[PDB]
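What follows is one structure encoded as structure tokens, with my remarks underneath.
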Amino acid sequence: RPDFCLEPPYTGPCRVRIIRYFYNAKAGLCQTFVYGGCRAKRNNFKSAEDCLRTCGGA
């Protein structure tokens, strides 16, 4: 569980529709969001696998 894993998702004020993944501290699992390609934060994976691969869920 890396520090950044506890970093909220960032959709930015851009005009796009991307399905990124993050580590939800409420569900404890990695969820997706409609990222807009604006200043993508650290907690932004391209897939649920990358998420678990980065923060290690399970």
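In chain A, numbers come from Swiss-Prot; the residues present are 36-93, in order.
Per the header: solution NMR.
Backbone N, Cα and C atoms are what each Cβ position is placed from, and that goes for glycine too.
As written in Swiss-Prot, here are the features:
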type	residues	note
DISULFID	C40-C90	disulfide bond
DISULFID	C49-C73	disulfide bond
DISULFID	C65-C86	disulfide bond
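Where Swiss-Prot records a feature, it is marked here on the structure.
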residue : record         : contacts (Cβ under 8 Å, 6+ apart)
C40     : disulfide bond : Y58, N78, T89, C90
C49     : disulfide bond : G71, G72, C73
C65     : disulfide bond : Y56, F57, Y58, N59, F80, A83, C86, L87, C90, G92
* Based on DSSP, name the secondary structure state of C49 (disulfide bond): helix, strand or coil. => coil
* By a simple count, how many Cβ atoms lie within 10 Å of the Cβ of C73 (disulfide bond), its own Cβ left out? -> 13
* Determine, from DSSP, whether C90 (disulfide bond) sits in helix, strand or coil. => helix
* Asked: Of these disulfide-bonded residues, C86, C90, which scores lowest on Cβ atoms within 10 Å?
  -> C90
* Asked: Does DSSP give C73 (disulfide bond) helix, strand or coil?
  -> coil
